[PDB]
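Same order as they appear, the protein sequences are chains A and D.
Residues 40 to 181 in PDB author numbering are what the first sequence lists, from first letter to last.
Residues 40 to 181 in PDB author numbering are what the second sequence lists, from first letter to last.
Number of protein chains: 2
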Amino acid sequence: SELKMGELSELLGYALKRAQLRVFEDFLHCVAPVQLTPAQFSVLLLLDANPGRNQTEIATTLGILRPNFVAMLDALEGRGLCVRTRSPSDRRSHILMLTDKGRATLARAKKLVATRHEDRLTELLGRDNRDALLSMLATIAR
Amino acid sequence: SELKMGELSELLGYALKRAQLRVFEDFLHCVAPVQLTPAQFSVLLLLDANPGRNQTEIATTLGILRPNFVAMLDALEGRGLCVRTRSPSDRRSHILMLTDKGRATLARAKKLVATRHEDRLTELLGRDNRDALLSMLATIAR
DNA sequence: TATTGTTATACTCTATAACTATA
DNA sequence: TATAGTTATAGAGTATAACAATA
């Protein structure tokens, strides 16, 4: 009455998706007090590390295509978490910077991520094992 | 002039998703001679391990919603790789088994993924490091 | 001419409600 | 009523072409 998972247990791609989907699902739950998807979260994180960059640069480093990034920024900018300002140098581009509200929302989101989510992962595995997992996934992506 | 990846380097969710997409992309390419998506591959693999089952049982085990599974089978049956047969006891259920064609297409894809894909990725990590990766990703999914 | 932001569009995936034919 | 398979639909996510403003 339970099905045999056959050779699927040994396909690494398969393990990654179902591993990715629960981690993302858990991310949405833990972080729901600030209402940020993982994509929105990373956009705030990248904006925080690299102030002064433009849409093309932020979107590419994240793997987001620029036609799909426009709608994401409208959400965050509509919620008053970041600003598009025209660069005086080259008025084709929008330089992107965080608001104070954005910096606060990034701050508390960072806590719910570390305390409720990322730390709950680190204890279910080795603190060293989780770093090895993170290293390998980083290697796989290159 | 290159972007600071900030705390994203330590977001496990992000590393999990971007690791998955290179693997899924690499999978698609290696298996392109047979025309099978990774999902279709697993549907054929699980049918091979679990003959005599119905749609609801196959679909639910894979995370496919049953309304989404219909067209997915339409494809594989249209390709003559598996067939729907009504069980005489309960004619609401469709019993699914792979055809001779289905198994031939499966044997082959299994060889294409094993040689070009799964073997190539085991080699970019330690053969022992990769089994620890598959162990941990399996752990995360429960 | 090339690039930035943008619109429009399309194709996949995923999600939900409701039908049909059985039971 | 309840369940299996199906249909239609709606929403994400992602992909490309093209156009206006600007370089």
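Ideal placement from N, C-alpha and C gives every residue a C-beta, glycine not left out.
What residue range is occupied by the uninterrupted alpha helix (DSSP H) comprising residue i?
| i | result |
| --- | --- |
| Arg105 of chain A | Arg105 to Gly117 |
| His68 of chain D | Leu51 to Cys69 |
| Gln94 of chain D | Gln94 to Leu101 |
| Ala88 of chain A | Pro77 to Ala88 |
| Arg159 of chain D | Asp158 to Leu163 |
So what's residue i in DSSP terms, helix, strand or just coil?
| i | result |
| --- | --- |
| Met44 of chain A | coil |
| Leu172 of chain A | helix |
| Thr138 of chain D | coil |
Can you name the residues of chain A whose CB is closer than 9 Å to the CB of residue i?
| i | result |
| --- | --- |
| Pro72 of chain D | Correct list: empty, because the minimum Cβ distance to chain A is about 17 Å. |
| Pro127 of chain D | Those do not exist, as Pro127 of chain D stays about 20 Å from chain A at its closest Cβ, beyond 9 Å. |
Mind checking which residues open and close the beta strand (DSSP E) that includes residue i?
| i | result |
| --- | --- |
| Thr124 of chain A | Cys121 to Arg125 |
Taking C-beta pairs closer than 8 Å, name the residues in chain A that residue i reaches, listed in chain order.
| i | result |
| --- | --- |
| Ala143 of chain D | Neighbours of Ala143 of chain D on chain A: none; closest Cβ ~16 Å, over 8 Å. |
| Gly102 of chain D | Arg57 and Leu60 |
Report the rounded CA-to-CA distance for residue i versus residue j, giving the unit in angstroms.
| i | j | result |
| --- | --- | --- |
| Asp65 of chain A | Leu173 of chain A | 17 Å |
| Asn168 of chain D | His133 of chain A | 44 Å |
| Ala110 of chain D | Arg142 of chain A | 45 Å |
Can you give the beta carbon distance from residue i to residue j, rounded, assuming they're within the 8 Å contact cut?
| i | j | result |
| --- | --- | --- |
| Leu135 of chain A | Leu86 of chain A | 6 Å |
| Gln59 of chain A | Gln59 of chain D | 5 Å |
| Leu160 of chain D | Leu51 of chain A | 6 Å |
Starting from residue i, find everything on chain A with Cβ-Cβ shorter than 7 Å and list it in chain order.
| i | result |
| --- | --- |
| residue 1 of chain D | Because chain D here runs from 40 to 181, residue 1 of chain D falls outside it and cannot be looked at. |
| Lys43 of chain D | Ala88 and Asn89 |
| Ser81 of chain D | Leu47 and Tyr53 |
Listing by chain order, which chain D residues have their CB less than 9 Å from the CB of residue i?
| i | result |
| --- | --- |
| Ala98 of chain A | The contacting residues do not exist; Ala98 of chain A stays about 11 Å from chain D at best. |
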